[PDB]
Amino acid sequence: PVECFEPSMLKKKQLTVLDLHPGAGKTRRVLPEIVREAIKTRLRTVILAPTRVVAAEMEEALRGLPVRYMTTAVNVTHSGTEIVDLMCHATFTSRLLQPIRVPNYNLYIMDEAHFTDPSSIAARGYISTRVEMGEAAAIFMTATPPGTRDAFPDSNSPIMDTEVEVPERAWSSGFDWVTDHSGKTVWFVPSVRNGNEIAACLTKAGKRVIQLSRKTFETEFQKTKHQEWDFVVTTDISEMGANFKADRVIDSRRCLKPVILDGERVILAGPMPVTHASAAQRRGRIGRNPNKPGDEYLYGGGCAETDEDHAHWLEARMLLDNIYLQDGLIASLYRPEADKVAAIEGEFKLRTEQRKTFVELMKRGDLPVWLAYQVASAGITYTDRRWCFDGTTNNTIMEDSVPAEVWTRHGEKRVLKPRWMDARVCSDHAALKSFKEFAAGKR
């Protein structure tokens, strides 16, 4: 595997995967070395961060170098002469779908290039296709390169890996090893609700617990830096952009993931096995300090053998089939990922007007890719929300165990019952609030 950057990697037609184990200095050391060389050789460059949190960490590593930050996660003074841009994976792919002039970047740098968000998968397909066509160079950085299946990468200090029965519910006995520990534990859970139950159990046992989710990360993660705690109970939000001074990770190795059932609806299936890349990220929270040997990773089962049931792979093809490349050429998925989907290239290419609807439903509408595709390919216009109310009864959306209701643009209170059901529009309070506002015609 390639673990060291060399300037020769910046030549066109080169796609290099830098296999950088957790704690090896991917962002603090390697990324600045790449960016410095790119600037010196006058290469127009885009740096692709998986999240806003990671984008902000990159600015710290790149501080003082001329980078244009195309994210509101960073506020610095641009000189206007920067040739290096920085944006999130989703921003990049979203811009590819717009009628804009996507610059001809000579170099693409993708951090956390294992990320399986549809926009990340699609970005890797676009980038790798451009490299194969001879138009650019790319560097993909990750602890787990796409196509590899090692959940136990290297670390700065040896990690003790033990498979155990991991509790996934509150317990009154049977798991003394959880609470007998005198150190600090990061515990990964599949959902906020599940974490609430485990955190409540630990708190009743006298432990100090901080809970992390996407909603609460900004305020609560700071508390892990400045307050005493025994346990961090966190969703997958902490697989990237989050480090802890801990000596143990507990990982049930399960997650929820969207799955398309019978091509007809999307459910949040699981909890079911996490991917090797995710398990490696979770484990990678510990074993980071050479002077603190003895860290422990306690895990509850195996990783996903196939992630092909994950809806994100098909969604990535829906995005890529609708990104213009050259004379109606369609990019392929990155080769080590290409067999995760069984659709023919072009199956999801929409004609001009339906494609514009698709794009607007994802951007302004903030709908999942799969759902936006169903609506746009049905010939529905962006502002016509009648489909949110005319599904079959089994598509009724519930709020607190009663049918959810919305005041529509036409002044009628109607039960939310979309023609196509995607569990991601109502999987938590924030999602449901957002979909209600969409159904009411408020955006």
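Start at 1 and count along the sequence shown; that's the residue number.
Relative to one another, 430 to 438 and 9 to 17 have unequal mean CA B-factors, and 9 to 17 is the one with the higher figure. On average the C-alpha atoms of 166 to 174 have higher B-factors than those of the other stretch, with 118 to 126 and 166 to 174 being the two compared. The PDB entry assigns the greatest CA B-factor among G300, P158, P145, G365 to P158. For the set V54, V402, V46, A376, the PDB entry puts the maximum C-alpha B factor at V402. Among the modelled residues of the chain, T185 sits in the lowest third by CA temperature factor in this PDB entry. Per-chain ranking of the deposited C-alpha B factor places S332 in the middle third. Placement of the Cα temperature factor of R288 within the chain: middle third of the modelled residues, per the deposited record. When the CA B factors of the chain's modelled residues are split into thirds, the value for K413 lands in the middle one. The entry lists a Cα temperature factor for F140 that places it in the lowest third of the chain's modelled residues.
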